[PDB]
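Student: Below is the structure I would like to discuss, written out as structure tokens.
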Amino acid sequence: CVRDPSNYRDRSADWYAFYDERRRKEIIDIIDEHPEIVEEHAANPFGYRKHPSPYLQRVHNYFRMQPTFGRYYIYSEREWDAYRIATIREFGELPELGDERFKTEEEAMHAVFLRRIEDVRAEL
Amino acid sequence: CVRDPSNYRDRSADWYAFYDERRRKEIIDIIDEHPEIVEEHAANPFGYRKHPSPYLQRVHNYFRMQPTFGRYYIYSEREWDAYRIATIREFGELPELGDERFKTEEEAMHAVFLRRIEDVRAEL
Amino acid sequence: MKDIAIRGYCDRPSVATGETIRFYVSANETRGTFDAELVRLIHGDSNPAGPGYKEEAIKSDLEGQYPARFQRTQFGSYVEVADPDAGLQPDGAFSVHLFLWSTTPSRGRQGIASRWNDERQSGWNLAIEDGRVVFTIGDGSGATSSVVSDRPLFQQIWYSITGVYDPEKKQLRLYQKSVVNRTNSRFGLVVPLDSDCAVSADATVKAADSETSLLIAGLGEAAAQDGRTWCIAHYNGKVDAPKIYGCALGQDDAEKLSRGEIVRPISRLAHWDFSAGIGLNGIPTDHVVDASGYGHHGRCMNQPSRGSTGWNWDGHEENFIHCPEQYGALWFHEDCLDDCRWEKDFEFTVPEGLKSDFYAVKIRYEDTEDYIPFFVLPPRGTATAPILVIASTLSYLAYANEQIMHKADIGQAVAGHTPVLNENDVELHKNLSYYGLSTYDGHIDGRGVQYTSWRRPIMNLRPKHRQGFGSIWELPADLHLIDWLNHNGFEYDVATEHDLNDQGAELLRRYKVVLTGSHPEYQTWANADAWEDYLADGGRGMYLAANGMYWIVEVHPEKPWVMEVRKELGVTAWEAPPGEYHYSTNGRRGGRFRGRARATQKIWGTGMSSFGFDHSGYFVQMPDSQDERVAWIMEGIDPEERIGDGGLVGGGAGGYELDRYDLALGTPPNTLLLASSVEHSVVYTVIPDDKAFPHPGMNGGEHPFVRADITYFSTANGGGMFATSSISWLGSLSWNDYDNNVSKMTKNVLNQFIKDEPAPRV
Amino acid sequence: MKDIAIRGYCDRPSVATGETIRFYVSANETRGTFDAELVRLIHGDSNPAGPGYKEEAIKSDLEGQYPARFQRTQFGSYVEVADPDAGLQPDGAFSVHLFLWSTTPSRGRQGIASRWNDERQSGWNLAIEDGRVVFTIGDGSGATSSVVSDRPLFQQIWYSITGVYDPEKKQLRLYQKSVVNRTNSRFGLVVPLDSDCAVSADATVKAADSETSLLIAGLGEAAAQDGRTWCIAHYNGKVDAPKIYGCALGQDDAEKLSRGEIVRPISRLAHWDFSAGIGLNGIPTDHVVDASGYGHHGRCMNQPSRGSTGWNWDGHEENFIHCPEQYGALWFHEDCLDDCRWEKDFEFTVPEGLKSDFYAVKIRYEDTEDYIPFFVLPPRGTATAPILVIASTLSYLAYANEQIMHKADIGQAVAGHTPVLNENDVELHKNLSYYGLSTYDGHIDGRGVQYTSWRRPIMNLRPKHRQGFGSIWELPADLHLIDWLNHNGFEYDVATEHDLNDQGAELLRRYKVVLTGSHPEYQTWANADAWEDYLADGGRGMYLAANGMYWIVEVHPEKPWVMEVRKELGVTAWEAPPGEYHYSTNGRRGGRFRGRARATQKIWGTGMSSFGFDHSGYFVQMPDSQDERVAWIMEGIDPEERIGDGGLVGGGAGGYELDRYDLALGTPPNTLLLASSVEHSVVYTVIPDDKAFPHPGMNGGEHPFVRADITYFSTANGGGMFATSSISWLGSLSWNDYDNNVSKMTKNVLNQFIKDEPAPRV
Amino acid sequence: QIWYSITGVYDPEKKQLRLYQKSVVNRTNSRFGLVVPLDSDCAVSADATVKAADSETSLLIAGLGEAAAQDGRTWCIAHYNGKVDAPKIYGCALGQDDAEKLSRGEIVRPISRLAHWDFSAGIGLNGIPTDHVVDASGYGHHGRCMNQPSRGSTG
Ligand SMILES: [Fe+3]
Ligand SMILES: [Fe+3]
């Protein structure tokens, strides 16, 4: 007999947690086994005329498909002059901006990459 | 005036030849720069509980999507006793079998892998 | 930060000479004044590797100072039945029946059906309060009387709900019954669902005249001032067949109403049939017919989804024009908008000597500087140039107020990088009510947005805007072509796709060559017919873009500022729910053009092959480049050069969207393949239209479909089509100070097509 | 090498007691005899890591020696008009008009319309020779008179073709005219097409009685022996509205016929309307109506595609039941087979005491051993056991004579290895005419196969067959479950999906628990109704499989051995052409079940999520495994162990197809998630139905959707449903000599479901 | 009883009242048929010396307003006899090309309409039992039948 919807829940979240744990462990093991992909990303974060390595691309494929609440992006404060790092909040909320400013946007992309690696190291 | 269909051809073949040339040069460069993918595939050609390297997988992604006229496959002469390499022909034809017999189908898979590497070298 | 302090829009996209365009402007608060002047847009991209932003002042009667004021927007779909004479506030017993389907049943208080004042708690309503259906009456003293259902609703389950007021017993009653069948609900008949209740209460008060309208999927805010009721507590989900009785119904009446029977037809005070008006042309109207016979006709506000699956929909028919009795629902989201309905601040009548080009009204408020673009036509029936540029206004509507990076988890995955966002992308996120949603966004329910409107402030249509996938996307990407045409000596006219939809091939035949925008992705069926009829008799064109005729659009017949699109599996953001593929503007299927046997190959020579947004590649010359019949194209180009290795958009000429040659999709047999693009990355993908089984390695560098193709074919009577099959072609025109292969090729083809000799007949 | 020397099929798949099944056997040549005997199938897989091949012989009245002979098979689609009185061989002037749409116009000689004898060249025909339409008459003395078109035919372009024989001028005439519009053909209206011609030739001979039938899309081979005409020169492509006249037509008349006007209606001798008979339930018939009033009615042979887009199709209606006048075509492939039409060699009547199980007739010819599998039912209205095993005969017809690894270029890429192929696949590749094609195959036209039949020798239906994706695929994969049930003490009946289609839920309600096959992929709409009616009222089921309700199938009503499936985007081998998504057996949409709001989650708990074929994975337990409500499932299983690490199919229990828990697609709210599968490779991919935009990284171990999910929910009245969500589950029952976690869990659920107590009520 | 297509244009840029008249007979809609060589097509113009002002009445199909509206009620005096089909008002000035396209039933310039009353909007399978006349331009200028004109007439 099914009568109250608060007695039930989405039980795929019990597997999404289990999946995220294995996946974060795999990503920090890739970043520890191949330290050169961080400098590869720092040289060219777009892969312009030098396409990224498969391990760097696997790290990108983890970082880019996350849920948007809590996701980092780059806020063009003054375009081609200053760039900051923002964090997405709910509808109706201004984002939380970062302290550091950046000259080009490639520097900001690499700082977002480093801060995401720090945040995945912090949870483990 | 367009009145005779033999005066017109598929002009995407002129790009498919170019793409295949670039792609064969790429695959022999990947095989020369990483010679351990051949012994990796010789160890475990199914990837069973040890998934393939990304370079070995890129070589697989070239080899597995070719047109089936001229494609190698494995012919079970006697099941679990004898295996031969066969070549696909037109409708109405027997396959062209190889002289060498194999005990397990993993040995046949690695022999097909080595013969495909020999064919992609011999075309250049 | 630098917040936006002034907003605005115009009432129509394009205006000929001697015609009026109205501009509606809104501020954060009613203080001060604002300035206004007219500019001609020349270039938009502020990239320091290019020309920079360019504009031109124009003296006009438009300029001056105007009072700045806040203008309030109604936001959310509903049905408003105007009742001036309080007929639908009955004096004795009355019953209300409807069918319900809730998508967010725990998202606050949500009024379902109401004639309810909410300042003073007067009238009656039917609402969802804390997941439960509540039927409340009141008399403006603050004292009310309710009855609450024992059973909380489930999500996306059809329910049959009857509320009853009965003064003879001084009693409120409420009947609830789920009417699930095999196809209409979220889960099927194998679930032992128990959501039937019949609860009573004691009505200590009487319902009074609320001095509002009757609202379906909302509550009325205050008493009506100047005949406008404001809606506040918006419902999310389908409502099917609401009706009001002048008596009090029993439980056997509620059981018969749950099965679809109309009980006591002489006692119906009103009965709104949402499926009345469906013919073979669909239902292109906001009119809601009172099927009882009392003239209580309603009006759909902010465009709820019509032609939606009803409570009794078994899936034997999936076209709503052939089974209208199973399509009596309206979806009612809370974040719809078809018109901001503001009060006009100023207007502009086009003078005689005003050239046909891109224009904008530049509003100079305190620190915010805002633009409002519009388009100026030549005089009606005449052409003032040999070149026609088609502004892609339907695609401007499709990407209008785009919020992918703030809403879609695959936003950064489709791109090849972290997005860079302006203060406009923060302003859309902070005030969703002022602007609305794009057709790449979804509602708060989950279903994607079908309807988009021009009469709203569209923030990614301003020329100084930079989009999240890369550099710039829709209108600043067309200002590349405009700036190239102004740097050379070419005289052109500007038309829109709405003008093409209105005027047919008669518009196109006034010109020797017609040019497209950087991304003309959304077209109507009549635009495709006009392009085919133009090119079939001596017409010349240049398709300097990719992804060019992908989705079928219909412009709404009653409201020409509203565009409809319904989407399916393909290069899509959302998919339409199962029985709801057919448009309500015209009754036709309208998915992809390619699935209606009208692929982009059949008209423009090339069509959608791949997409990806990390960077761009360059073109490599194919063996048809050295053919003697296209030596006029490849004239000043060495036969061993890279075509377009460098550019503003993406860093190259072949990128962000790729079109290919395909004879099976409809390429003309005499087409030549001039060049093709290389150096594409894993971020570029094979589209789902071309896949049978997804196997590994269908991406750039690893699959033959990932390419752009520069093509050319010739038609009859001296016509011919040229195509470059990439978005970032136009971003490569001003590279190396207009000294590159892209501008040489485009200028060779354009100097050939503006002549009087025929196109060179490959 | 080893060639197949003996074949065989049966007339119907399932036979109850007291009923008759016929057998049809063909040798390579007529010599010698063959043996035959009845066996019971127990286990088909001959993997040395497993139980090995098992069977059991049954003494019957079937065994003996029977004469071997070669039986010729008619192969290819055509329409046959029986004319014994030679009414369609006129004596004076006659004309023939038809609409032509040719897919392989430069592929041999293709007879379009004929009443022709080819041994002695007598009669008339209209044929394609050397890519050109030729109209030829002949007297029967070797002398023929022809007329050849100036213009060759283009591929998939609609033409209007009139062949005229005029005795008053002694002149064969021919008229060719392209009738393209915006949507009907390969390319569109921008192509300056010139394929109109009017040619003439002298006629030296007169046409004679060919003594054959008239044929649409083929030529008659010899004179009709015992009333049967053989067809040799098969056409590929659409034919629309063929008609024969009694007079000679001019160019004015052929020009009016190209616009669809029926000129001179009193002068017609025959006129076959291929759309006569379209109601609201499709056109489920082979009868072709003569629309001239002379009773020359036709007959479809080897199932040409009814409901095809015609010459005048504009895409305003895409369902043939609503616009039947734009759907007057048939497609006529040269490689279709609905019945081999052989002669009966022996029959068998099921005795009074024969158990209901899988059976086969072992044929023992010289050095070749073929089996003919069939199914024995319990007596009509009775059930002899508490367990029902559903054999997935619709899915057996879908994969019948599968030729993916020889024909599809991406066949290895969908797997993760090079395929191992037996002599049966070599025999399918060598003699295509005997066997036919699968629904995962395309025709020689390239369009996929929509009709599949039981009355043909199906070579992958035999239990000693091994399939190219891995170990075994359909019927030996169900012999896994049969061997597990016979090894334990469980007592079962066997029924097929054709019987479930015939009998509804009245079949299912005779049992306590019903088990599925290993891959029950293709279902009818009524079978899904039957399962939902069974589970909704106290029925119990185990879904020991995956990809289980994906495609909608309809059985042909006039031909119950023929199955229809039309496909769309998704996990498909091919997509249907743009106007032809609706079935001809019933006029309903029917593609994916998920797109009809009847996903597999709504009935069986889980639904299609992923596929890939390199190897299998194992399961990891979820926090619902330690719940006290399902402790009966996890009884003798440690809460730290892997579930199914090792097995015959792929080396694990989660593999080759993965199903997931998903509430939005219709998973019941009280479903518990017991375990999930890991260790999937880059070969396993996300299905196209779960993709909005393709981005990199949607594969195994990089996306959450790539998982299998063991679930359980309970229904009303003591029912329940168990799901394992993987094909390779049944391959892991016999691992470690039946001592593993998979068999323990399956035995726990099956010991619970056969008790008289209700299911344990999650 | 002959069907006509009538466009009245006020053009301030040329200070010119224009008028277009065109018969739209077919085989069945009118008093006589297609064998009559009918010549009732004209395009005339006149100078406009005055500007139109707010009449302070309601708008009326098939009649003129008598005086200014007293207590909200407008009186109708000069009553027309016969069918009216698809009336619409524009915000611009139309040419002869536009009036020629309007005679074929094409709705030219849909964004420039100020009102468009469709007299067949509301026909279901149970007739049109209402006095409400629908504005099909999206501006909410809905009409009302008075003294029961015959709905359901041949167009
Ligand atoms: Fe797009
Ligand atoms: Fe399948």
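Just so we're on the same page: first chain in the structure tokens is A, next is B, and so on; residues restart at 1 for each chain, and ligands are numbered from 1 in the order they show up.
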Give me, as a PyMOL selection string, the residues of chain D touching chain A, with the criterion being at most 7 Å (counting only C-alpha atoms).
Tutor: chain D and resi 661+669-670+673+696-697+704
Student: Up to 7 Å from chain D, what residues of chain C turn up? Count only C-alpha atoms and give them as a CSV table (one decimal) with C-alpha atoms, in the first residue's frame.
Tutor:
chain,number,residue,atom,x,y,z
C,183,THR,CA,0.4,5.9,-20.3
C,186,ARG,CA,4.7,8.8,-14.0
C,187,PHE,CA,4.2,5.2,-13.0
C,188,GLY,CA,1.7,2.7,-14.2
C,189,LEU,CA,-0.9,0.3,-12.8
C,190,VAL,CA,1.5,-2.1,-11.1
C,191,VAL,CA,1.9,0.3,-8.2
C,192,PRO,CA,-0.7,-0.2,-5.4
C,315,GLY,CA,-1.2,6.4,-26.5
C,316,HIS,CA,-3.2,5.2,-29.5
C,413,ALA,CA,31.4,19.5,-20.9
C,414,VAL,CA,30.1,20.7,-24.3
C,532,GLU,CA,14.6,26.7,-52.6
C,535,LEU,CA,17.9,29.4,-55.8
C,536,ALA,CA,15.9,27.3,-58.3
C,571,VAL,CA,21.7,18.0,-31.4
C,572,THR,CA,19.3,19.1,-28.7
C,573,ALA,CA,19.1,20.4,-25.2
C,574,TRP,CA,15.8,18.7,-24.3
C,578,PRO,CA,5.9,11.4,-25.6
C,588,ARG,CA,2.3,19.8,-38.1
C,595,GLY,CA,13.6,14.1,-40.4
C,596,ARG,CA,11.0,15.8,-42.6
C,597,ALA,CA,13.0,14.9,-45.8
C,598,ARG,CA,14.3,18.5,-45.9
C,602,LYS,CA,19.0,19.7,-50.3
C,603,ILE,CA,19.2,23.5,-50.4
C,664,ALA,CA,22.5,10.7,-49.5
C,666,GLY,CA,20.6,15.7,-50.7
C,667,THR,CA,23.7,17.4,-52.0
C,668,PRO,CA,23.3,18.4,-55.7
C,682,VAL,CA,38.2,15.0,-28.8
C,683,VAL,CA,35.8,17.8,-27.7
C,685,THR,CA,31.7,14.9,-31.5
C,692,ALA,CA,23.4,3.7,-35.3
C,693,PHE,CA,25.2,2.2,-32.3
C,694,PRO,CA,27.5,4.4,-30.3
C,695,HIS,CA,30.9,2.8,-30.3
C,696,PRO,CA,34.1,4.3,-28.9
C,715,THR,CA,21.7,26.0,-60.4
C,716,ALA,CA,19.6,26.9,-63.4
Student: Figure out the distance between CA of residue 74 in chain B and CA of residue 92 in chain B, please, to one decimal in Å.
Tutor: 18.8 Å
Student: Compile a residue-level contact table for chain D against ligand 2 at a cut-off of 8 Å, reporting for every qualifying residue the shortest atom pair and its distance in Å to one decimal, with only C-alpha atoms and all ligand atoms counted, rows ordered by chain and ascending number, as a Markdown table.
Tutor:
| residue | atom | partner | partner_atom_place_in_ligand_line | distance |
| --- | --- | --- | --- | --- |
| D:395 | CA | ligand 2 | 1 (Fe) | 8.0 |
| D:399 | CA | ligand 2 | 1 (Fe) | 8.0 |
| D:519 | CA | ligand 2 | 1 (Fe) | 7.8 |
| D:521 | CA | ligand 2 | 1 (Fe) | 6.0 |
| D:522 | CA | ligand 2 | 1 (Fe) | 8.0 |
| D:547 | CA | ligand 2 | 1 (Fe) | 7.0 |
| D:550 | CA | ligand 2 | 1 (Fe) | 8.0 |
| D:571 | CA | ligand 2 | 1 (Fe) | 7.7 |
| D:572 | CA | ligand 2 | 1 (Fe) | 7.8 |
Student: Residues of chain A within 10 Å of chain B, counting only C-alpha atoms - could you list those as a PDB file with N, CA and C atoms, in the first residue's frame?
Tutor:
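Writing the result to part_12.pdb gives the following:
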ATOM      1  N   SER A  53      46.639  15.493 -23.367  1.00  0.00           N
ATOM      2  CA  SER A  53      46.942  14.094 -23.139  1.00  0.00           C
ATOM      3  C   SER A  53      45.683  13.343 -22.715  1.00  0.00           C
ATOM      4  N   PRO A  54      45.648  12.018 -22.904  1.00  0.00           N
ATOM      5  CA  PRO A  54      44.478  11.254 -22.446  1.00  0.00           C
ATOM      6  C   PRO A  54      44.258  11.278 -20.943  1.00  0.00           C
ATOM      7  N   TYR A  55      45.310  11.424 -20.143  1.00  0.00           N
ATOM      8  CA  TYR A  55      45.101  11.488 -18.703  1.00  0.00           C
ATOM      9  C   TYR A  55      44.593  12.858 -18.273  1.00  0.00           C
TER      10      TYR A  55
END
Student: Find the spatial neighbours of residue 542 in chain C, counting only C-alpha atoms, within a cut-off of 6 Å - ignore same-chain residues fewer than 5 positions away - and output them as a list in words.
Tutor: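 Here the answer would be residues 515, 721, 722 and 723 of chain C.
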Student: Store the residues picked out above in a file with N, CA, C and O atoms, as a short mmCIF file (atom, residue, chain, number, x, y, z; two decimals), in the first residue's frame.
Tutor:
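Printed below is part.cif as written:
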data_model
loop_
_atom_site.label_atom_id
_atom_site.label_comp_id
_atom_site.auth_asym_id
_atom_site.auth_seq_id
_atom_site.Cartn_x
_atom_site.Cartn_y
_atom_site.Cartn_z
N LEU C 515 23.02 36.83 -48.42
CA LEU C 515 23.97 36.30 -47.44
C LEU C 515 23.27 35.94 -46.15
O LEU C 515 22.27 36.56 -45.77
N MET C 721 25.17 28.35 -55.51
CA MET C 721 25.29 28.46 -54.07
C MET C 721 26.72 28.18 -53.67
O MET C 721 27.32 27.20 -54.12
N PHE C 722 27.27 29.03 -52.81
CA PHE C 722 28.59 28.83 -52.22
C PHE C 722 28.44 28.66 -50.72
O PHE C 722 27.61 29.33 -50.09
N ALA C 723 29.24 27.77 -50.13
CA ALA C 723 29.12 27.45 -48.72
C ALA C 723 30.49 27.22 -48.11
O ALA C 723 31.37 26.63 -48.75
#
Student: Contacts of range 34-46 of chain A at 7 Å or less, counting only C-alpha atoms, minus same-chain residues fewer than 2 places along, as a list in words?
Tutor: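 Listing them by chain and then by number gives residues 30, 31, 32, 48, 56, 106, 109 and 110 of chain A; 416, 417, 614 and 615 of chain C.
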Student: Please, could you write that set of residues out with C-alpha atoms as a PDB file, in the first residue's frame?
Tutor:
ATOM      1  CA  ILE A  30      45.841   9.942 -11.877  1.00  0.00           C
ATOM      2  CA  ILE A  31      47.085  13.340 -10.656  1.00  0.00           C
ATOM      3  CA  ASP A  32      49.645  11.636  -8.405  1.00  0.00           C
ATOM      4  CA  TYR A  48      45.219  25.142 -29.159  1.00  0.00           C
ATOM      5  CA  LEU A  56      44.592  15.255 -18.649  1.00  0.00           C
ATOM      6  CA  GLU A 106      44.130  31.327 -19.530  1.00  0.00           C
ATOM      7  CA  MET A 109      41.374  28.722 -16.283  1.00  0.00           C
ATOM      8  CA  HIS A 110      44.527  27.204 -14.825  1.00  0.00           C
TER       9      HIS A 110
ATOM     10  CA  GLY C 416      36.308  22.640 -23.868  1.00  0.00           C
ATOM     11  CA  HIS C 417      37.029  25.052 -21.039  1.00  0.00           C
ATOM     12  CA  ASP C 614      37.378  24.368 -27.362  1.00  0.00           C
ATOM     13  CA  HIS C 615      39.131  25.952 -30.376  1.00  0.00           C
TER      14      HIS C 615
END
Student: Please determine, counting only C-alpha atoms and all ligand atoms, which residue among C:751, C:251, C:439, C:103 has the shortest atom-to-atom distance to ligand 1.
Tutor: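 Residue with the minimum atom-to-atom distance to ligand 1: C:439.
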